[PDB]
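Here the structure comes first, spelled out in structure tokens, and everything after it is commentary.
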Amino acid sequence: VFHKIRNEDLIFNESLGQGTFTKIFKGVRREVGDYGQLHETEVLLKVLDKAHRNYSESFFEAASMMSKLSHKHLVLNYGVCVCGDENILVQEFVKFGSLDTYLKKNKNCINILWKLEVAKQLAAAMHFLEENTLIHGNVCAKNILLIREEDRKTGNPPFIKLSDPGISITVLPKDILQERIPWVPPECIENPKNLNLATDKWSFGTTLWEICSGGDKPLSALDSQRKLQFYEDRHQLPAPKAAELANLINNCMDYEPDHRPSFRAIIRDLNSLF
Ligand SMILES: Nc1nc(Nc2ccc(S(N)(=O)=O)cc2)nn1C(=O)c1c(F)cccc1F
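Each position in the sequence shown, counted from 1, maps to that position plus 535 in the UniProt record's numbering.
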């Protein structure tokens, strides 16, 4: 399924951090593009931690899901690097990076319209996946990549893409899932096989919270043990100061998975705001 890329054609540069059992780097690809012309293309290189070769089967499948479909709001995978000793994904390098970084960094510079346009673009991406019964499983602001910033000169909106989900919570050890509360919905902490299209509506709600909360991580002051007890007492996240999306957040984060609204409904809510 995956186009193979030589390592002579890939240079690793800056570290961009770590995923779950992965190391991420900005890189450079030398390729023949359109019209036989030669290109040096900056790419994203994410490496499965050698200490965790276990999950390579999931590691790659997650990217596979994202590449069988094509959508303006989904990050492109270029292929896999031929290493033999390493499992390396070659993907589109989004210029401005993660949304959570951008929110924190630009706390005050974001009005409600900015958040709304981004919420809509994310809902459009999730609706598209919904039509294809494609479970993402790791929706969060960290995995929202900003292609372009808003342009004030032209009054142009920002544009976002959705990265691949990574290793699937169906195989991640317990300690990781609970660290991902409240992005992982309740039913999946009681049983990871409850992973379902309804999961992505809950995580969307959490991501919406991140977007109004200017980069704060919900429940970050609470440790693993409480994050479980937070779900046992069936608590809801606090209303963000930017409170125009609090109702939608709570409707999305419904402890009953069957009651969470479809993303068609969600879009209609988002569209019905000024
Ligand atoms: N595909 C992709 N592109 C980028 N671009 C990027 C990354 C970092 C920066 S910076 N200056 O550190 O803040 C700037 C641009 N990230 N990315 C990812 O999948 C990705 C992700 F989802 C989560 C975390 C890290 C990632 F790398």
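Quick reminder that beta carbons are idealized off the backbone N, C-alpha and C, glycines included.
Determine which residues share a DSSP beta bridge with residue i and list them.
| i | result |
| --- | --- |
| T576 | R564 |
| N612 | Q626 |
| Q553 | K558 |
| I546 | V563 |
| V617 | Answer is none; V617 lacks a bridge partner. |
| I540 | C616 |
| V582 | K558 and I623 |
| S633 | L680 |
For residue i versus residue j, is the C-beta spacing smaller than 9 Å?
| i | j | result |
| --- | --- | --- |
| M600 | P700 | yes |
| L579 | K603 | no |
| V674 | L651 | no |
| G614 | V625 | yes |
| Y766 | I724 | yes |
| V567 | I546 | no |
| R687 | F631 | no |
| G554 | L638 | no |
| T741 | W718 | yes |
| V653 | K539 | no |
| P775 | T734 | no |
| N785 | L772 | yes |
| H587 | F556 | yes |
| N622 | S591 | yes |
Am I right that residue i and residue j are in contact with their C-beta atoms under 8 Å? What's the rounded C-beta distance?
| i | j | result |
| --- | --- | --- |
| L732 | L783 | At roughly 18 Å, the Cβ-Cβ gap does not stay under 8 Å, so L732 and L783 are not in contact. |
| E665 | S797 | 7 Å |
| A777 | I647 | 6 Å |
| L609 | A660 | 7 Å |
| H662 | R799 | 6 Å |
| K677 | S633 | 5 Å |
| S593 | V706 | 5 Å |
| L808 | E779 | 6 Å |
When you compare each of the options to residue i by their alpha carbons, which one comes out closest?
| i | options | result |
| --- | --- | --- |
| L805 | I559, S605, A658 and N612 | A658 |
| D635 | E779, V625, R715 and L681 | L681 |
| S703 | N548, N691 and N729 | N729 |
| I679 | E745, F663, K776 and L712 | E745 |
| residue 509 | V563, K752, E566 and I559 | A question about residue 509 goes unanswered here, because the residues of the chain that appear run from 536 up to 809. |
| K752 | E714, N726, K736 and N589 | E714 |
| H770 | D793, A778 and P721 | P721 |
| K655 | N667, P693, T668 and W737 | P693 |
| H671 | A597, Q572, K640 and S593 | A597 |
| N691 | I801, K709, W649 and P708 | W649 |
| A781 | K642, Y570, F739 and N548 | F739 |
| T668 | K736, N726 and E685 | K736 |
| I716 | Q760, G552 and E627 | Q760 |
| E577 | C644, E627 and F809 | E627 |
| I645 | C747, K762 and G619 | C747 |
| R565 | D544, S807 and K709 | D544 |
Does ligand 2 have even one heavy atom less than 8 Å from the beta-carbon of residue i?
| i | result |
| --- | --- |
| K607 | This structure does not include ligand 2; its bound ligands are ligand 1. |
message: Which complete alpha helix (DSSP H) runs does the segment 671 to 713 hold, if anything under 4 residues is left out?
response: none
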